[PDB]
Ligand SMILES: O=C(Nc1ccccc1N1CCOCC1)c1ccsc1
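The chain below stands alone and is given as structure tokens, in the form deposited without the named molecule.
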């Protein structure tokens, strides 16, 4: 029956009710109980506040109009008002004080995730205060999590006025019988019920939910803590920068603030950051999730030299150059991590801070060459099998779906022998033709990667592994340096190829290196433990990158 959940802002998705603050201001200032609220609701339908609620006048225009009310109302009850009394000062404080009632927003999401059409019906105003950005940001966040957002000062109708409820109904394209309306104000519930909608008086959050859980027959309370917000490719802003005649890099941009450039690994995409992209943005940053040269919508020249670490790095400096960014926080995973370490070693000027996940910085050995060293570690055997051009491509491209479902797996799921790969003659030689779906990725998520690699295949990506000798000779130029800029090394316990023990000597080249670890975390960090990663990175960015 029910198919729509509509939430109120002040007192439901947002607390504490910017409203309530009035009652406290009075108690606080020992003012006649209701003095402030009466001046607020003064004029009723023809009130200054009702106007301000219908978008007739701005909040800034209202404040003075709401001051007079505090004098008239004070003139009736035979009272006064302190000298430092400020309606502005009061509301700015009340508003910024209000925060997203997390459990409520989550309850809303759940409903949506299970077929419900969500919407926010609220009696708000046109905020032109200097601190208006407060609201702006709060909404900037809530907005995305709801199909609709019906603002009073926008639709020219406020709440109890039935008109708006017909509007809501008509907007949702649903009849009262299949809609749940939650408000903290009783009056706003009647019109709702008179239409025959399920209404819930939201007093204490937990109870409202109980009723909601009840009426909707979905478990909203004491429910497992979700995964961070994932972003829909088609809703993202896509960016393209030509760094060289035949090379254009594609990236997804979201947020404002210190620029944080995310460089995924092999064989991934910008999408590999789908969980930290909103989080970090929301965290106060301007996230630039890259599509590393050779992947997704980025250029993939066939040439192997085109993917040596030096070239790749210069192109990233150029990417910044073209974008007008002097610096930028570089956070990389897998190959991306290798890339950002060399970005801090050759372009400190452009790297605001450096951070790597799984990939440890290990100064190249002046004597022994890469090929030799790699051969000295059964786990890296897969890298040798990536040398012969075409060979690896053929297997990986054979069945994209199977390729990604076989790769992207938790540490406990495995299904890909990694020891004797060159020996087995293949990476999948003894793997299922139809691998089970990993916990980390949904069918869609995998198909996204598929369509992406259908463009340029695995030749470009694989070439990242085909410049060992070159990258080595380059790295040798930096054997005298040291990472002195803010750095963070996040290691993942259950990563059996990029084992944490490999980063134990990093502090020698990176003295003030900070760290992070993650339990039961396979190689595919972003996907495996998204919450932990966002938490770890934001904490670090906030203390070392925002400066």
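Positions refer to the first chain, counted from 1.
Note that the form deposited with the named molecule bound isn't included here; everything after this is about it.
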Spell it out for me: taking the named molecule in the deposited bound form, does every residue among 240, 296 and 319 have a heavy atom no farther than 4.5 Å from it?
no
Between 475, 446, 90, 300, only one gets a heavy atom within 4.5 angstroms of the named molecule in the deposited bound form; which residue is that?
475
Which residue, 364, 304, 169, 201, is the contact with the named molecule in the deposited bound form, using a 4.5 Å heavy atom cutoff?
364
Report whether the minimum heavy atom distance between residue 272 and the named molecule in the deposited bound form is within 4.5 Å.
no
Though only this chain appears here, would residue 181 touch the named molecule in the deposited bound form if you measure heavy atom gaps against 4.5 Å?
no
Is residue 135 a contact residue for the named molecule in the deposited bound form, using a 4.5 Å heavy atom cut-off?
no
Classify residue 465 as contacting or not contacting the named molecule in the deposited bound form by the rule of any non-hydrogen atom within 4.5 angstroms, answering yes or no.
yes
Mind telling me which stretch in 231-239, 209-217, 111-119, 331-339 gets its heavy atoms within 4.5 Å of the named molecule in the deposited bound form?
331-339
If we check the named molecule in the deposited bound form, which of the residues in 350-379 reach within 4.5 angstroms of it by a non-hydrogen atom?
364, 370, 374
